[PDB]
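Let's start with one chain on its own, the form deposited in one PDB entry, as structure tokens.
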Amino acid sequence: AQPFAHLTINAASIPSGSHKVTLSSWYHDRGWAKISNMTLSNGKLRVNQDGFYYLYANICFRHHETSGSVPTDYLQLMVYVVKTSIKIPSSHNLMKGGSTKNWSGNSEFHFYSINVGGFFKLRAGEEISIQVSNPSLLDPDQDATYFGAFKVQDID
């Protein structure tokens, strides 16, 4: 069986605050969320089968005026697609996206989305995970905040 995963944000477990975090809760079964021959554990997607995978993420940020004013006026909205390995405790950036923003105007709603994708060689045991800059600005919709992988070819 050919491996893949399309993981959508666990809307009931998005961390609060304004410091950068690793997202550690995603759906793997309900809605468009799915997984096959890969394993998922606290936001770390484990590769079970060696190969070249296409990796992708879509992240949406949003803020409404009923939540009060957006804290300070340095605002940089970022995603990092990160690789670790049960072998190597240390982690490294595979892909990075985002923009600096000024959401301090006087309109009721603010929105921004980031998309990234790439083709990577992955070994069994390696883990893929997502980091975001402003967790309390994350859009909890399944069509909005997600990441995935699918195998394209074997190593050889």
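Between two forms, the rigid core is the largest collection of C-alphas that superpose within 1.5 Å. Shifts are known only where both forms have a C-alpha. Numbers follow the displayed sequence, beginning with 1.
Form deposited in another entry: not shown, discussed below.
Per-residue Cα shift between the shown form and the other one after core alignment stays below 2 Å for all of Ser104, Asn48, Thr100, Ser67 except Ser67. When two forms of a protein are overlaid on their rigid core, residues whose CA moves 2 Å or more are considered shifted, and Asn115 is not one of them between the shown form and the other one. After superposition on the rigid core, the Cα of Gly31 moves by less than 2 Å between the shown form and the other one.
Annotation: Cα of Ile88 displaced by at least 2 Å between the shown form and the other one, core superposition. With a change of no less than 3 Å, the CA-CA distance between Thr66 and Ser104 is smaller in the other form than in the form shown. Compared with the form shown here, the Cα atoms of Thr72 and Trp103 move at least 3 Å closer together in the other form. Against the superposed rigid core, the consecutive-residue runs (3 or more long) showing CA movement of at least 2 Å between the shown form and the other one span 65-74, 85-90.
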